[PDB]
Structures are given as C-alpha cells and as structure tokens.
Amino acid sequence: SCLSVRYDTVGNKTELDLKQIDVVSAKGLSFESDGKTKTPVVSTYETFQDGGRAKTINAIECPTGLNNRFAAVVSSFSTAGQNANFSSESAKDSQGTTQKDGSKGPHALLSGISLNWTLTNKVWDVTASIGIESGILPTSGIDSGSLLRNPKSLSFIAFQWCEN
C-alpha cells in the first residue's frame, strides 16, 4: 500500500496521502479548525432518571492543553414530565401530564425547553426544564406550577469534544 506526502498546485498547501490504506486507526486524535485545536465530537443519547434531579455525565479525557466542551441538543420531548420513559432510541412511553389531584391527564401544551450544563470536577451536571400551560400541575412537586423539572419526557444528544 505505502504512503507519501504529495502537493497540489491549487493554492499553496501540502497534503499527506493515506488513501491507499483502507483505514487509519488512531488512539487520541486532534486536528485544527481555523487555528483552533479540537478533538472529534463524540455523541451519546441521554435521558434523566426518575426523581427530578440533575443528570451527571462524566467528562471525556482531553489531551494536554485542551479544555472540555459540551453541548446538549433536543431529540424527543413531551409535556408528560415524570410520566414518561424516553430511554429507548426506538420507542417512547409518554403517559400524560400530572393533574392537580395527582392523576395522569392529557398532555399539556408547551411554552419552552431549557437545557443547561456546568462542568464540575470532570463531571458535566445537566439540568432541564419544560414550561407548560399554567393551571394544570399541582402546586408542589417535581412537576409543579408551570414547570416540569429534569423531566423523564425528554431525550437529548450530548456532544463532547476538547478545544483550546
């Protein structure tokens, strides 16, 4: 197979040709993007566990000189709050929104979703809330007022990478 450093006339930049080999297998990998050094983005499917508490996600190990980064993005969601299980990538259970007596009623209408994350001691602490129409939820509890706190009725993709 072999390999070599070629050069194209279009511009003034060199290139290391590895396309003769079918796969390049590395351990750690970094590359540059407009002067910044990055590692590849790595993705995980995430949900919150029962109980309305923050979701902890271990931070990836970064090469020397690079800092941990994180982004969470919405995949599926509903206004069911705790009354849900979104932990399967292929099916969702969404029962409905808790009513003032504690029963599961229809799904409420939605006003927003917040996803928040902070890095503490090589752990990302992720929190979320879903805002819903008022007048439905109990006065107190995980799902109360107009807010579904750290809801089960949410799946997000967590992206991590390292960057200078």
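Numbering starts at 1 and runs along the sequence shown.
23 to 31 and 39 to 47 differ in mean CA B-factor, and the higher of the two is recorded for 23 to 31. Higher mean CA temperature factor between 93 to 101 and 107 to 115: 93 to 101, per the PDB entry.
Residue-level inspection of the entry shows that, of 150, 155, 140, 146, 140 has the top Cα B-factor. Residue 67: CA B factor in the middle third of modelled residues in this chain (values from the PDB entry).
Residue 127: CA B factor lies in the lowest third for its chain, per the PDB record.
Residue-level temperature factors show residue 1 in the highest third of its chain, judged at the C-alpha atom.
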